[PDB]
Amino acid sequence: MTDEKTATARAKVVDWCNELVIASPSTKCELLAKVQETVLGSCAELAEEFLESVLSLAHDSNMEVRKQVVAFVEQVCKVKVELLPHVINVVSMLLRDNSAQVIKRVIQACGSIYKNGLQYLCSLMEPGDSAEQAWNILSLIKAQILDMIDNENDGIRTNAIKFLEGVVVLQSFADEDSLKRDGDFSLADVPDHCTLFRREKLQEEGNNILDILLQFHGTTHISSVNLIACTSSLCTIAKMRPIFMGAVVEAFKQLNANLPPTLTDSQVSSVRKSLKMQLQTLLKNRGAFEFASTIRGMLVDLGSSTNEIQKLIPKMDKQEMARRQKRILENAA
């Protein structure tokens, strides 16, 4: 069964796509906003035919235009993720961009793009060549952003840290102690029937990215913004994946004992206030059981009262504690 809606929408976007080639960068962003709303929203069917029209604007001289293309590509992977192999090249190329503002927006978009892209690819039973190409680009995007922790721009470094946090979380296994999060995806959600990649290899990469974050967190000349961002990213990783709890608690313990001498008095107070919040959050996780006294120690150093710390510790039955108290005893031997 048919109606006029699709044809009326196609006529509207054809007009908009035609104006683009002769429009000012300011007019181009207005046009693209309207094209996205229709082609990926109101009349979603029209998305594939007007792809190249939008994707060509990734080459435009105006950075705002390039940022709008990123916003579009990010929406494509949310609503029409099947188009992922046709839009993923633009993302990788835009990470080579000259403007730091464009780089930051691309890193931001890569969070959802990589999660949606990873979810889609491991869902296919008979994946084609286009699927292997898209996964190769996604692997390169991870490596690209991983290099950006040594970028000279502080904003780029902050975005890169945030991106790497999601990768570690995706490329590890959830458990009983993991925080309940609605759209949570782990290596447990990656099927054995998947030929594109191996669960063990992604885990190996996730562990290497975490090791890099742990080392980055402990450097002497890290900026206050990068240090706060890294501390919260380590907290998200440990509460989502409590297997990493011991490592993150140790990093936090080492930081509180050795504040970078590059931090200003205000930066110290800002870093310590954030560290206190992260520690409070971790103490609420059932997986922090073994580290409860260490966490308490640090919170006392950071000015928390006995009763404030005490209220954070989750209530556990003796049968649960005995399971944990014995698991901790057998792992130490």
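Quick note: we count residues from 1 along the sequence shown, nothing fancier.
Next on the checklist: Please compare 118-126 with 136-144 and say which has the higher mean C-alpha temperature factor in the record.
Outcome noted: Result: 118-126.
Checklist entry - For the C-alpha atoms alone, is the average B factor greater in 214-222 or in 75-83, going by the entry? => result In the deposited entry, the stretch with the higher C-alpha B-factor mean is 75-83.
Checklist entry - Looking at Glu49, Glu290, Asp301, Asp265, which has the highest CA B-factor as recorded? => result Answer for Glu49, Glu290, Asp301, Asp265: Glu49, with the highest C-alpha B-factor.
Next on the checklist: Among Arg96, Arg198, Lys239, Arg105, where is the Cα B factor highest in this entry?
Outcome noted: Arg198 has the highest C-alpha B-factor of those listed.
Next on the checklist: Looking at the temperature factor on the CA atom of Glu204, which third of the chain's modelled residues does it land in?
Outcome noted: For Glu204, the deposited C-alpha B-factor lands in the middle third.
Item to check | Third of the chain, ranked by Cα B-factor, where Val70 sits | outcome: Middle third - that is where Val70 ends up once the chain's C-alpha B-factors are sorted.
Next on the checklist: Lowest, middle or highest third: which one holds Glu250 when the chain's residues are ordered by CA B-factor from the entry?
Outcome noted: As the PDB entry reports it, the C-alpha B-factor of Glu250 lands in the lowest third of its chain.
Checklist entry - Within this chain, which third does the Cα B-factor at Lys311 fall in: lowest, middle or highest? => result Tercile = lowest for this residue's CA B-factor.
Item to check | Ranked C-alpha temperature factor of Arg157 among modelled chain residues, by third | outcome: For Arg157, whose C-alpha B-factor we compare with every modelled residue in the chain, the answer is the lowest third.
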